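To be precise, the following lines are input-v2.cif, and they hold mmCIF, C-alpha atoms (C1' of nucleotides).
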```
data_target
loop_
_atom_site.group_PDB
_atom_site.id
_atom_site.type_symbol
_atom_site.label_atom_id
_atom_site.label_comp_id
_atom_site.auth_asym_id
_atom_site.auth_seq_id
_atom_site.Cartn_x
_atom_site.Cartn_y
_atom_site.Cartn_z
ATOM 1 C CA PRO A 1 6.705 -38.889 20.668
ATOM 2 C CA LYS A 2 5.299 -39.028 17.146
ATOM 3 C CA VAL A 3 5.106 -35.817 15.124
ATOM 4 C CA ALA A 4 6.772 -33.916 17.965
ATOM 5 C CA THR A 5 9.584 -34.038 15.417
ATOM 6 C CA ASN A 6 8.834 -33.123 11.808
ATOM 7 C CA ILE A 7 7.752 -29.789 13.238
ATOM 8 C CA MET A 8 11.306 -29.604 14.576
ATOM 9 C CA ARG A 9 12.832 -30.851 11.332
ATOM 10 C CA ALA A 10 10.647 -28.945 8.878
ATOM 11 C CA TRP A 11 11.805 -25.660 10.402
ATOM 12 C CA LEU A 12 15.330 -27.093 10.786
ATOM 13 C CA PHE A 13 16.211 -25.784 7.349
ATOM 14 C CA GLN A 14 16.160 -22.442 9.232
ATOM 15 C CA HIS A 15 18.913 -23.216 11.802
ATOM 16 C CA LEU A 16 20.519 -26.155 9.998
ATOM 17 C CA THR A 17 23.837 -24.332 10.052
ATOM 18 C CA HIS A 18 23.498 -22.850 13.509
ATOM 19 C CA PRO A 19 21.962 -24.974 16.234
ATOM 20 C CA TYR A 20 22.450 -22.028 18.568
ATOM 21 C CA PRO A 21 18.754 -21.392 19.333
ATOM 22 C CA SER A 22 17.882 -18.539 21.715
ATOM 23 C CA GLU A 23 17.383 -19.664 25.328
ATOM 24 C CA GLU A 24 13.766 -18.463 25.383
ATOM 25 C CA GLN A 25 13.345 -19.408 21.720
ATOM 26 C CA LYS A 26 13.691 -22.951 23.041
ATOM 27 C CA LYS A 27 10.291 -22.238 24.615
ATOM 28 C CA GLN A 28 8.425 -21.275 21.458
ATOM 29 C CA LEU A 29 9.829 -24.506 20.022
ATOM 30 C CA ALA A 30 9.335 -26.245 23.381
ATOM 31 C CA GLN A 31 5.785 -25.619 24.613
ATOM 32 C CA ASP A 32 4.293 -25.707 21.104
ATOM 33 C CA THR A 33 5.575 -29.271 21.233
ATOM 34 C CA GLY A 34 6.515 -28.991 24.899
ATOM 35 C CA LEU A 35 7.712 -31.550 27.429
ATOM 36 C CA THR A 36 10.709 -31.027 29.698
ATOM 37 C CA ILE A 37 12.913 -28.220 28.398
ATOM 38 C CA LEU A 38 15.969 -30.296 29.321
ATOM 39 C CA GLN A 39 14.798 -33.148 27.056
ATOM 40 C CA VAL A 40 14.495 -30.788 24.092
ATOM 41 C CA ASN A 41 18.039 -29.465 23.971
ATOM 42 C CA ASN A 42 19.095 -33.108 24.083
ATOM 43 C CA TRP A 43 17.060 -34.145 21.051
ATOM 44 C CA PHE A 44 18.620 -31.376 18.969
ATOM 45 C CA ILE A 45 22.091 -32.450 20.077
ATOM 46 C CA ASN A 46 21.528 -36.136 19.402
ATOM 47 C CA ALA A 47 20.818 -35.566 15.702
ATOM 48 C CA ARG A 48 23.697 -33.396 14.451
ATOM 49 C CA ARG A 49 25.408 -36.706 13.733
ATOM 50 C CA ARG A 50 22.506 -38.908 12.569
ATOM 51 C CA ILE A 51 23.054 -37.487 9.113
ATOM 52 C CA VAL A 52 24.764 -34.428 7.555
ATOM 53 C CA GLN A 53 27.843 -35.845 9.385
ATOM 54 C CA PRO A 54 28.134 -38.729 6.881
ATOM 55 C CA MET A 55 26.834 -36.444 4.115
ATOM 56 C CA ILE A 56 30.263 -34.809 3.835
ATOM 57 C CA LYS B 1 27.411 -16.102 25.929
ATOM 58 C CA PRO B 2 26.288 -18.384 24.451
ATOM 59 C CA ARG B 3 29.234 -20.814 24.230
ATOM 60 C CA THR B 4 30.064 -19.883 20.602
ATOM 61 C CA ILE B 5 31.700 -22.745 18.703
ATOM 62 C CA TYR B 6 34.971 -21.258 17.418
ATOM 63 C CA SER B 7 35.644 -24.003 16.320
ATOM 64 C CA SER B 8 36.818 -25.528 13.051
ATOM 65 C CA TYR B 9 40.595 -24.891 12.648
ATOM 66 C CA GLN B 10 40.840 -21.933 13.719
ATOM 67 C CA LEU B 11 42.118 -23.522 16.938
ATOM 68 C CA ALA B 12 45.538 -25.016 17.466
ATOM 69 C CA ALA B 13 47.205 -22.252 15.549
ATOM 70 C CA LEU B 14 46.855 -21.124 19.188
ATOM 71 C CA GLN B 15 47.984 -24.236 21.066
ATOM 72 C CA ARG B 16 51.580 -23.580 20.006
ATOM 73 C CA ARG B 17 50.938 -19.835 20.133
ATOM 74 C CA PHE B 18 50.330 -20.396 23.826
ATOM 75 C CA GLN B 19 53.633 -22.295 23.775
ATOM 76 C CA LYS B 20 55.095 -19.309 21.870
ATOM 77 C CA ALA B 21 53.315 -16.511 23.664
ATOM 78 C CA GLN B 22 51.032 -16.380 26.692
ATOM 79 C CA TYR B 23 50.616 -12.683 25.875
ATOM 80 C CA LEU B 24 49.295 -10.472 23.087
ATOM 81 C CA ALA B 25 47.549 -7.090 22.680
ATOM 82 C CA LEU B 26 45.400 -5.549 19.905
ATOM 83 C CA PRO B 27 47.705 -5.041 16.925
ATOM 84 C CA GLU B 28 47.958 -8.669 15.760
ATOM 85 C CA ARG B 29 44.206 -9.230 16.004
ATOM 86 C CA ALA B 30 43.439 -8.341 12.358
ATOM 87 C CA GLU B 31 45.339 -11.020 10.388
ATOM 88 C CA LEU B 32 45.184 -12.980 13.639
ATOM 89 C CA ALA B 33 41.374 -13.216 13.278
ATOM 90 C CA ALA B 34 39.963 -10.945 10.475
ATOM 91 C CA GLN B 35 41.301 -13.455 7.919
ATOM 92 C CA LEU B 36 39.535 -15.963 10.175
ATOM 93 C CA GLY B 37 36.373 -13.963 10.771
ATOM 94 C CA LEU B 38 35.736 -13.880 14.519
ATOM 95 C CA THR B 39 35.322 -10.969 16.966
ATOM 96 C CA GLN B 40 37.706 -9.357 19.482
ATOM 97 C CA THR B 41 36.340 -10.525 22.842
ATOM 98 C CA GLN B 42 35.875 -14.042 21.489
ATOM 99 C CA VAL B 43 39.484 -14.852 22.405
ATOM 100 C CA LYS B 44 40.893 -12.159 24.761
ATOM 101 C CA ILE B 45 39.483 -14.817 27.072
ATOM 102 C CA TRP B 46 41.128 -17.854 25.501
ATOM 103 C CA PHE B 47 44.531 -17.668 27.164
ATOM 104 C CA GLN B 48 42.580 -17.050 30.360
ATOM 105 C CA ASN B 49 40.662 -20.209 29.481
ATOM 106 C CA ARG B 50 44.000 -22.037 29.427
ATOM 107 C CA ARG B 51 46.024 -20.472 32.270
ATOM 108 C CA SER B 52 44.538 -23.600 33.699
ATOM 109 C CA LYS B 53 44.139 -26.603 33.462
ATOM 110 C CA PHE B 54 46.822 -27.129 36.149
ATOM 111 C CA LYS B 55 49.358 -24.292 35.660
ATOM 112 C CA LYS B 56 50.413 -24.722 39.289
ATOM 113 C "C1'" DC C 1 43.974 -12.131 38.038
ATOM 114 C "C1'" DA C 2 40.282 -16.160 40.675
ATOM 115 C "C1'" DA C 3 36.052 -17.747 41.163
ATOM 116 C "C1'" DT C 4 31.860 -18.655 39.137
ATOM 117 C "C1'" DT C 5 27.457 -20.006 36.398
ATOM 118 C "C1'" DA C 6 25.934 -21.628 31.849
ATOM 119 C "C1'" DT C 7 26.963 -24.837 27.994
ATOM 120 C "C1'" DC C 8 27.152 -28.309 24.626
ATOM 121 C "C1'" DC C 9 29.970 -32.234 23.197
ATOM 122 C "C1'" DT C 10 30.816 -36.561 23.477
ATOM 123 C "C1'" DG C 11 31.604 -40.576 25.785
ATOM 124 C "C1'" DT C 12 29.390 -44.802 29.249
ATOM 125 C "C1'" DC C 13 23.832 -48.392 27.723
ATOM 126 C "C1'" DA C 14 18.547 -49.149 26.596
ATOM 127 C "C1'" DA C 15 11.956 -50.204 24.958
ATOM 128 C "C1'" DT D 1 16.659 -50.650 13.124
ATOM 129 C "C1'" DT D 2 16.779 -44.414 18.430
ATOM 130 C "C1'" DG D 3 16.337 -41.716 23.450
ATOM 131 C "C1'" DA D 4 17.584 -41.113 28.857
ATOM 132 C "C1'" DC D 5 21.565 -40.343 32.408
ATOM 133 C "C1'" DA D 6 26.111 -39.800 34.475
ATOM 134 C "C1'" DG D 7 30.419 -38.585 33.660
ATOM 135 C "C1'" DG D 8 34.942 -35.256 31.862
ATOM 136 C "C1'" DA D 9 35.682 -30.924 28.805
ATOM 137 C "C1'" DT D 10 34.828 -26.352 27.693
ATOM 138 C "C1'" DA D 11 33.231 -21.141 26.991
ATOM 139 C "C1'" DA D 12 30.952 -17.521 28.595
ATOM 140 C "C1'" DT D 13 28.826 -14.966 32.610
ATOM 141 C "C1'" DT D 14 30.183 -11.951 36.497
ATOM 142 C "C1'" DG D 15 32.125 -8.409 41.022
ATOM 143 C "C1'" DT D 16 35.077 -8.513 46.673
#
```

Written form, structure tokens:
Amino acid sequence: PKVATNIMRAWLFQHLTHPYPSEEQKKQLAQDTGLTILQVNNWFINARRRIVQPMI
Amino acid sequence: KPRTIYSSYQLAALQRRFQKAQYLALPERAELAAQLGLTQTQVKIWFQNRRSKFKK
DNA sequence: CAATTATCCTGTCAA
DNA sequence: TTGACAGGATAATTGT
């Protein structure tokens, strides 16, 4: 899994506010890192709470 | 589409409004939402979202 | 207006 | 000390 992430996080300053990525924009963030498209929505919706949530 | 989080609060100003009124037209929609920011068709649905559960 | 198809959000435990 | 699936809740789609 390593460094299939900081790519995701380094851009994440872009849609920090709005994890409402386009359905085919999941692809250009998927395939470039790839793996099952279903697994990728999940990783971005198992991290809204890891931080920022306590940061309030 | 997509799901569109409304979704702060926002909300349960409605949940009694449904208890008050299962009907409205255009004219309220300004202060009803323009002071709240969201679009028209975002919520013309939302009663229709809640004419169930149940509502036998 | 009922029926659909697309969503995430949580809520069940795991190398 | 982080990542997978079923569950139960929800907002759009859409056309007899």

Task: Test item: residues at most 12 Å from residue 24 in chain B, only C-alpha atoms (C1' of nucleotides), excluding those fewer than 2 positions along its chain, as number ranges by chain - done: B: 14, 17-18, 20-22, 26-29, 32, 43-48

TODO: Check which residues satisfy the PyMOL selection byres ((chain B and resi 38) around 12) in the file shown, then give them as JSON, numbers by chain.
DONE: {"B": [4, 5, 6, 7, 8, 10, 11, 29, 30, 31, 32, 33, 34, 35, 36, 37, 39, 40, 41, 42, 43, 44]}

Hey, which bits of chain B sit within 7 Å of chain D, and for each residue what's the closest pair of atoms and how far apart in Å (one decimal), counting all atoms listed in the file, rows by chain and increasing number, as a Markdown table?
```
| residue | atom | partner | partner_atom | distance |
| --- | --- | --- | --- | --- |
| B:1 | CA | D:12 | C1' | 4.7 |
| B:2 | CA | D:12 | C1' | 6.3 |
| B:3 | CA | D:11 | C1' | 4.9 |
```

Open item on the list: Set the cut-off to 12 Å and count all atoms listed in the file: what are the residues of chain C that reach chain A? Output as a count of residues only.
Closed with: 5

Task: d(CA of residue 55 in chain B, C1' of residue 11 in chain C) in Å - done: 26.0 Å

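Near chain D, within 10 Å and using only C-alpha atoms (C1' of nucleotides), the residues of chain A are residues 39, 42, 43, 46 and 50 of chain A.
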
Output for the residues just chosen: C-alpha atoms as a short mmCIF file (atom, residue, chain, number, x, y, z; two decimals), keeping the file's coordinate frame:
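Result saved to out.cif:
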```
data_model
loop_
_atom_site.label_atom_id
_atom_site.label_comp_id
_atom_site.auth_asym_id
_atom_site.auth_seq_id
_atom_site.Cartn_x
_atom_site.Cartn_y
_atom_site.Cartn_z
CA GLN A 39 14.80 -33.15 27.06
CA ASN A 42 19.10 -33.11 24.08
CA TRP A 43 17.06 -34.15 21.05
CA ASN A 46 21.53 -36.14 19.40
CA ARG A 50 22.51 -38.91 12.57
#
```

TODO: Mind checking which residues fall within 12 Å of residue 7 in chain A, counting all atoms listed in the file, ignoring those fewer than 2 positions away in the same chain, and posting them as a list in words?
DONE: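 So the residues in contact are residues 1, 2, 3, 4, 5, 9, 10, 11, 12, 13, 14, 28, 29, 30, 32, 33 and 34 of chain A.
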
Open item on the list: Please compute the CA of residue 17 in chain A-CA of residue 49 in chain A distance, one decimal, in Å.
Closed with: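 Taking CA of residue 17 in chain A and CA of residue 49 in chain A, their separation equals 13.0 Å.
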
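Coordinates place CA of residue 18 in chain A at a distance of 16.9 Å from CA of residue 55 in chain A.
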
Put a box with edges along x, y and z around all the listed atoms of range 1-14 of chain D, pad it by 5 Å on each side, then give me its centre and sizes in Å, one decimal, as AutoDock Vina command-line options.
```
--center_x 26.0 --center_y -31.3 --center_z 24.8 --size_x 29.3 --size_y 48.7 --size_z 33.4
```

Open item on the list: Considering only C-alpha atoms, can you say which of A:22, A:8, A:35, A:51 comes closest to chain B?
Closed with: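 The closest residue to chain B is A:22.
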